[PDB]
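Structural description and commentary
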Amino acid sequence: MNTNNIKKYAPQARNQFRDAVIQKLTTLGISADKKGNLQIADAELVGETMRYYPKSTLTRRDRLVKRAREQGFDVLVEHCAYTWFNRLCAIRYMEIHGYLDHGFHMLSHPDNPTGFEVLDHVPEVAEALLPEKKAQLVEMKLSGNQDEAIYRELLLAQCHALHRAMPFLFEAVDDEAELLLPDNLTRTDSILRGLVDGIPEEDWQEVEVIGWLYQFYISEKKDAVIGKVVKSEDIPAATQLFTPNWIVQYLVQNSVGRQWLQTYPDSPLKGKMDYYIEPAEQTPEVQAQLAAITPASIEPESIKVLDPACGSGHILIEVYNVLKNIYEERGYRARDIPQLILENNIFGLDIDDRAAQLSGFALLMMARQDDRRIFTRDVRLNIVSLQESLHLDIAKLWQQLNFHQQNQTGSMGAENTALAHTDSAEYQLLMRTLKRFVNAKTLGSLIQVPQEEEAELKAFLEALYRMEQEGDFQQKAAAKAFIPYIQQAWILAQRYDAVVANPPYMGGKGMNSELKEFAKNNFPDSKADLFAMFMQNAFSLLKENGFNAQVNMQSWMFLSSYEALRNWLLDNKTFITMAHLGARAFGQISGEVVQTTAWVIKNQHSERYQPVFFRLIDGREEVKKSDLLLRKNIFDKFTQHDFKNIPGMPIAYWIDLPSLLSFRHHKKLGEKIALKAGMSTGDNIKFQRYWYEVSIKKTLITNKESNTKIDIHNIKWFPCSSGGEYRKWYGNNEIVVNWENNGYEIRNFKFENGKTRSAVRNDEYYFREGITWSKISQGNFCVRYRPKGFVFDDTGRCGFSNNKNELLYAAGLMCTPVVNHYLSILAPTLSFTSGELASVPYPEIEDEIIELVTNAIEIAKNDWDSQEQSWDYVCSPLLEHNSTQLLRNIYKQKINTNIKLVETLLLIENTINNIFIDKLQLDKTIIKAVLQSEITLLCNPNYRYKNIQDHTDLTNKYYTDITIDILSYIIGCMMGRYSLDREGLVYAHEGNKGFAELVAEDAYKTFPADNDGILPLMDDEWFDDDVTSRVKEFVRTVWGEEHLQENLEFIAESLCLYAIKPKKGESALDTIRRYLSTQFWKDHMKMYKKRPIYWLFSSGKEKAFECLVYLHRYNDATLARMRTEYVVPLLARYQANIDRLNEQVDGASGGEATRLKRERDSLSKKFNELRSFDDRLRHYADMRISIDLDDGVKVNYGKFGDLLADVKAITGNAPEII
Ligand SMILES: C[S@@+](CC[C@H](N)C(=O)[O-])C[C@H]1O[C@@H](n2cnc3c(N)ncnc32)[C@H](O)[C@@H]1O
């Protein structure tokens, strides 16, 4: 069958049917305004008509006004449009299979694509349906022009004809419902055509279509009610799916068919059950147990099955099929089985009056596929939809009932007449029943009813059937009103051999006010979501040896918020079989939003029982099915007693055995170590910084050059562990938080009313030595060491211990694939909090691992401290070897050192993993050894460039970041941030203050530092303090005028590698200059994560003047000096050559004069752009803008409007063009 047709039609069909009811209700007068307030205006009385229509069609009219005032105008239309659609859908299905007694098609015409067969056989069709109006209808057909009048009469006559067998869908007292039937049913634009035209006939063969009609009708109102709280009337929309047939079979066959096969093991139904999971080999003790409960025989018509949420009845249809083959096998006549199944075996509930309308239809269409006279028998269907009790005239009906026959009939009977036999066990049983179904359109089948009231209700019910059949008008009007409630109560008091359902799914963030309190007070173990309450309630609906079988979300197997429930299941019930599906089990939902599992749980507790699991998480819907059938991916080694060894007690069949026997033999991790969540500052943008953004004087960072005692009164910034990226031993020392005055600002940080926004937690553990981890990590789990002088927030959780060895032995553990083996178990998410991480095992201490971890952390710390983004940065790693050697040879010397360390840490990490795996007695096959690509070091090209698979292009890209990093360090020495003479960071505080002292102290005597802190970054050599100029002065001052040219050609060779595009004949010197003016800005953006310490003042898009400015060295007089000594003298040289280039264009010709014009044209564009960058720099230079370094980089960079480059990529806001 092709759903793609129904999926497109049914949503459109819903709304279609709805406007046709509004348009007919507007005539009917029942109407609401835009605000949902109802309007009557009563009804005109033009003699014997009600103009807006007959006046016998008034009373009936005045019962819509009644019901609409009882529910909701929106509701009315949403229901009645559905009922008719369900009716017409029921007719369409039934006319294709020729189920009609008159044997003519009703909605279509076989030999005419546009017509209606009931129109040409008016005499025959009328003879069957309306024998009295035959002379009239044969007269209107002979008028040939009243077909819409005629067809409106036969079609209404057909639905009436179907009320005898299907009273739940085709009601007969629907009087008002006839006034809402649309006209023009006989036109090419009737609503009817889409129902026929949108669905080919082959889609109608099988019955599942009923469920796809079901699922796509309401699909649209679903997309409007998701994410929000769901109204009591929107529930059927928001929770309505459709189970694949292969899951239902697995559910029905492993519950119903299980019990039958449990008594008659050599039943040929086992071959007829493809999804029947055979029982695993039990211990002799359980083997004695199960035989003691299985009855020696089961009679077929003693089995009773319940779907509490049938929906389309898709599950009942399969129960019907499983029961069908049980009756055949027992020796029962063919025709007699449907009645016995639908009356003695199949019972179903739901809240959507219109979902039952389809479900019962579906069972009757399966029954009509087997017995032609099931439509002649009084077949009571136990498929009912739940009804509220806020609209009953209870005192009016119990006196209309005359159950004990109190009114001797005939005594014409007063507004104070004491309700007689209010003490009768039919009244007290009736009132207790009407009190249980108050908000039935909200609770559904979760309402329990005591089994003790079973007998009294059925005897009351059958009597309510009798008196519906033998009684007078009041007793038949009355006893017809009470049956829906006495029946639905009778279904709830009854217990069943198997409950099969695909329950509804709704987390505790769409439940409405009414529903929530019902969960806290009645289902505390499973108050989180609906599907769980159905799981725990369904057990209250089974016999002792009964089977609960559902297909549920998987979260009840893991989330600690179900621990009380998971604890409850293991103690009282017996898991039988479970097929864990995971995602994409339903081939018609989109997104990884739905993860499921189907299971069967006996209502008896057996300890030593051996259940069978199927891990079918992979593939589309088709695959799990194929692997389920082929019995791929089977687990049958763990009893339900074994799953109690895991903190929280997760259903965790995927576990093996030595990992289960290690939770019991060893001690918990977060027990030993104080897993503490950090503060929550409330605002990470106000309080947290990158350490390079602020003055090093104003940080708790102990510099290698400030022996002056850190005055803890001037200290504003303290290094803060704030989450970050994966890392296995030490990095991420990048965030500093504002902790001045012991956090006076974070502590008093309040909202508007007075409540406190931040959440300073565990501030006793601050500045301690400990570890840390990304609380949130996409990949594996990893921890890093954390020295003293740090704080930490909630994004960077930290464990602490008093023993440094345990602090390392833990840090060595929490980084293995072994830990990521457990964290899969306790909580398969990306959240690595302090609660599941605390339940991790943790064995005795070995002294070997503590050295391997000390070596590993210093390998990792040496790795981290090597970049200029770290505070502990000393100098560029090239400057560790002799300064006579050739530069290309020093590159080679450094790479070989960087591969040995990867192997060492890899051999260390794998030695650590292999030691833990030996102690916990684990399986090295499950825990793979660490690979070189996972060694979390920045010198490992495999890890830094995960995306590049090559070796050459991997090696080249490595040489390339190596050549850029040495350029940003030289640009660093130009500004004054580092120095050859002095180890470590040199100058980094506000206002260019104290820089000059350093110069007088020969802080930069080897390589001089730029005077003003303005470096022109240009593509041709104008100034002498140009960047590309001083770089050569650097290489010359370091490696030798001897080597200058090959070291420079090798730099040219290496920039060209990945950084920029080479050019033939381009000197080493030109090659370098090109990079700096164009690409360096971007790499420095990336290098500092869009937080530049060197600011590129840019004239504009012609790159007429670009200069770098070091952030710390900035003062008021800079933009005045920037204009005095750079922007002013440069606009003078541009002119003395536009004039010299015009002395040559007139003195040249041919190919050279066209070359001097493009050199004069290009030079004049850079003269107008730097003329308006001067008109705009003079603007910002007068302002004497003086910065504050504590403010941040995203703020100051907007203070200059568009003078700087990438103002909208750094600040976010487009540059404010002053
Ligand atoms: C049961 S599943 C759909 C049934 C479908 N035949 C299948 O294969 O699963 C979702 C349906 O459950 C229905 N349902 C039944 N009983 C319910 C209850 N007590 N509360 C809410 N929804 C309920 C909802 O109306 C919704 O349409």
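Residues numbered from 1 in each chain as written, not as in the entry; some residues may be left out. Heavy atoms only, no water.

This deposited entry lists X-ray crystallography as its structure determination method and 3.50 Å as its resolution.

1. A word on the overall build of the chain
Summing up its helical and strand segments, the chain has 46 helices and 24 strands in all. Its C-alpha radius of gyration of 41 Å places the chain more than 25% over the 33 Å reference for a compact globule of 1218 residues. In terms of overall dimensions, the chain has a C-alpha envelope of 125 × 85 × 60 Å along the principal axes. Scored against the burial criterion, the 1218 residues of the chain give a buried share of 55%. Of the accessible surface of the chain, which amounts to about 54,900 Å², a share of 47% is contributed by carbon and sulfur atoms. In the chain, 144 positive and 167 negative side-chain charges are present, and the distance between their average locations comes to 2 Å. (Helix = DSSP H or I, 4+ residues; strand = E, 2+ residues; numbered from the N terminus. Rg over C-alpha atoms; globule rule 2.2 N^0.38 Å. Buried < 20%, exposed > 50% of the residue type's maximum accessible area, 1.4 Å probe, protein only. Areas by Shrake-Rupley, 256 points an atom, 1.4 Å probe, with all protein chains shown as cover. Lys, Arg positive; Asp, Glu negative; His and termini not counted. Charge placed at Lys NZ, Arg CZ, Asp CG, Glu CD.)

2. Some remarks on the UniProt feature "binding site: S-adenosyl-L-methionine 2" (unreviewed entry) in the chain
Within this structure's numbering, the places UniProt gives as "binding site: S-adenosyl-L-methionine 2" (unreviewed entry) are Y214, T243, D350, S445 and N502. If you trace the backbone, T243 turns up in the loop between α12 (235-238) and α13 (245-253). With relative accessibility at 5%, the residue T243 sits in the buried group. Among all residues touching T243, those that are not within four sequence positions of it are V248, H314, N502, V551 and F586. Assignment of secondary structure puts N502 in the loop between β6 (496-501) and α25 (513-522). Among the residues examined, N502 registers a relative accessible area of 12% and is labelled buried. (UniProt positions renumbered as here; feature names shortened; annotations may be inferred. Contact = heavy atoms within 4.5 Å.)

3. Some words on the pattern of salt bridges
Tallied over the entire structure, the rule returns 65 salt bridges. Its salt-bridge partner being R18, residue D74 comes within 3.2 Å of it at the nearest N-O pair. With a relative accessible area of 36%, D74 lands in the partly exposed category. One salt bridge in this structure joins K141 and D147, with 3.2 Å as the shortest N-O distance. Under the relative-accessibility criterion, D147 is labelled buried at 18%. Among the charged side chains, a salt-bridge network with shared partners connects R14, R18, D74, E78, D352 and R354. (Salt bridge = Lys/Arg side-chain N within 4 Å of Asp/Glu carboxyl O.)

4. Considerations on the site of the ligand
Around the ligand there are 21 residues in total, and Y214, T243, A309, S312 and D350 lie nearest to it. Between the ligand and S312 there is a distance of 2.9 Å, counted from a nitrogen atom to a side-chain nitrogen or oxygen. Separating a nitrogen atom of the ligand from a backbone N or O atom of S445 is a distance of 3.4 Å. Taking 580 Å² as the accessible area of the ligand by itself, protein coverage stands at 98%. Residue composition of the shell around the ligand, by class: 11 nonpolar, 9 polar and 1 charged. (Near = heavy atom within 4 Å. Polar contact = N/O pair within 3.5 Å; in protein donor to acceptor, adjacent residues only side chain to side chain. Nonpolar A, V, L, I, M, F, W, Y, C, P; charged D, E, K, R; others polar.)

5. Quick word on the domain arrangement of the chain
A common measure of how large an interface is: the accessible area buried when the components associate. If you check the domain split of the chain, you get domain 1 (3-205), domain 2 (233-385 + 498-534 + 545-653), domain 3 (389-406 + 423-438 + 448-493), domain 4 (668-907) and domain 5 (952-1210). If you average the C-alpha positions of domain 2 and of domain 4, the two centres end up 50 Å apart. On the domain 2 side of the contact with domain 4, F558, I646 and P647 bury the most area, a combined 79% of that side's loss. Scanning the region where domain 2 abuts domain 4 turns up 0 residue pairs in polar contact. Tallied by class, the residues present in the side of domain 2 that touches domain 4 amount to 4 nonpolar, no polar and no charged. (Domains from an automatic or database assignment. Buried area = accessible area lost by both parts, 1.4 Å probe.)

6. Quick look at the sheet that holds β6
The sheet built from 9 strands is open, its strands ordered β5-β4-β3-β6-β7-β9-β8-β10-β11 with mixed pairing. Of all the strands in the sheet, just β5 (382-385) and β11 (634-635) have a single pairing partner and so form its edges. Pairing of strand β10 (residues 612-615) with β11, which is carried by 2 bridges, proceeds in the antiparallel orientation. Paired with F614 across the two strands is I634, which belongs to β11. Helix-sheet contacts for helix α18 (residues 337-344) involve β4 (346-350) and β5, and the interaxial angle to β4 is about 45°. (Pairing = 2+ DSSP bridges. Axes fitted to C-alpha atoms, helices over the stretch in contact; angles between N-to-C directions.)

7. A look at the pairing of strand β7 (residues 542-553)
Where β6 lies against β7, 5 bridges are found, and the strand directions are parallel. The partner of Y496 across the bridge, within β7, is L542. Two elements, β7 and strand β9 (residues 595-602), share 7 bridges in a ladder whose sense is antiparallel. Residue pairing for β9: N548 is matched across the bridge by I601.

8. Brief notes about the sheet that holds strand β19 (residues 791-792)
Spatially, the 4 strands line up as an open sheet ordered β14-β16-β15-β19, and their pairing is mixed. In this open sheet, the two edge strands, each paired with only one partner strand, are β14 (688-690) and β19. Examined bridge by bridge, β14 and strand β16 (residues 735-738) share 3 bridges and lie antiparallel to one another. From the neighbouring strand, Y690 faces β16, where its bridge partner is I735.

9. A few points about the packing of aromatic side chains
A complete count under the given rule lists 60 aromatic pairs for this structure. An angle of 80° between the planes, with centres 6.2 Å apart, marks the rings of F347 and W490 as edge-to-face. Note on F347: relative accessible area 2%, which makes it buried. One aromatic cluster is present, built from ring pairs that chain together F718, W739, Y765, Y766, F767, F792 and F800. The cationic tip of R87 hangs over the ring face of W84; the distance from NZ or CZ to the ring centre is 4.4 Å. (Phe/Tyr/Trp six-rings, centres within 6.5 Å; stacked < 30°, edge-to-face > 60°. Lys NZ or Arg CZ within 6 Å of the ring centre and 35° of its normal.)

10. A closer look at the UniProt feature "binding site: S-adenosyl-L-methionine 1" (unreviewed entry) in the chain
Those places that UniProt annotates as "binding site: S-adenosyl-L-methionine 1" (unreviewed entry) correspond, in this numbering, to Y214, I235, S312, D350, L443 and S445. Relative to the elements of secondary structure, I235 occurs in helix α12. Taking relative accessible area as the criterion, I235 reaches 13% and is therefore assigned buried. One can find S445 in the loop between α22 (440-443) and α23 (454-470). Sequence-distant contacts of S445, that is, excluding residues within four places in its chain, are made with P308, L349, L386, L492, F534 and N537.

11. A closer look at a negative patch on the surface
Residues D1020, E1021, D1024 and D1070 make up a contiguous surface patch of negative charge. On the secondary structure map, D1070 appears in helix α42 (residues 1068-1087). The class of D1070 is partly exposed, set by a relative accessible area of 42%. (Patch = residues over 30% accessible without salt bridge, like charges linked within 9 Å, V, L, I, M, F, W, Y side chains within 5 Å.)

12. What to know about helix α3 (residues 61-68)
Within α3, burial applies to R61, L64, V65 and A68. Looking down the long axis of α3, one finds its buried residues gathered within 100° of arc, a one-sided arrangement. Where α3 is buried, its residues meet α1 (3-28), α2 (56-59), α4 (73-96) and α8 (176-179). (Arc of directions from axis to C-beta.)

13. Some details on the side chain of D794
Counting through the fold element by element, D794 comes out in the loop between β19 and β20 (798-800). Of the polar contacts made by the side chain of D794, one reaches the side chain of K775; its length is 3.2 Å. Other than its neighbours up to four places away in sequence, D794 contacts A677, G678, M679, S680, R761 and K775.

14. Considering the packing of helix α21 (residues 427-436) against α23
Between α21 and α23, the shortest axis-to-axis distance is 11 Å and the interhelical angle comes to 100°. Between α21 and α23, the interaxial angle falls into the category roughly perpendicular. Judged by residue contacts, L429, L430, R432 and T433 of α21 engage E456, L457 and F460 from α23. Each residue belonging to the contact of α21 with α23 can be placed in one class, and the counts come to 4 nonpolar, 1 polar and 2 charged. (Parallel < 35°, antiparallel > 145°, perpendicular 65-115°, else oblique.)

15. Focus: the state of the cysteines
Using the criterion set out here, one finds 0 disulfides in the structure. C159 provides the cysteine sulfur closest to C80, a residue in no disulfide bond, and the two sulfurs are 14 Å apart. Free of any disulfide, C720 has its nearest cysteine sulfur in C798, 8.1 Å distant. Judged by relative accessible area, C720 falls into the buried class, the value being 1%. (Disulfide = S-S within 2.5 Å.)

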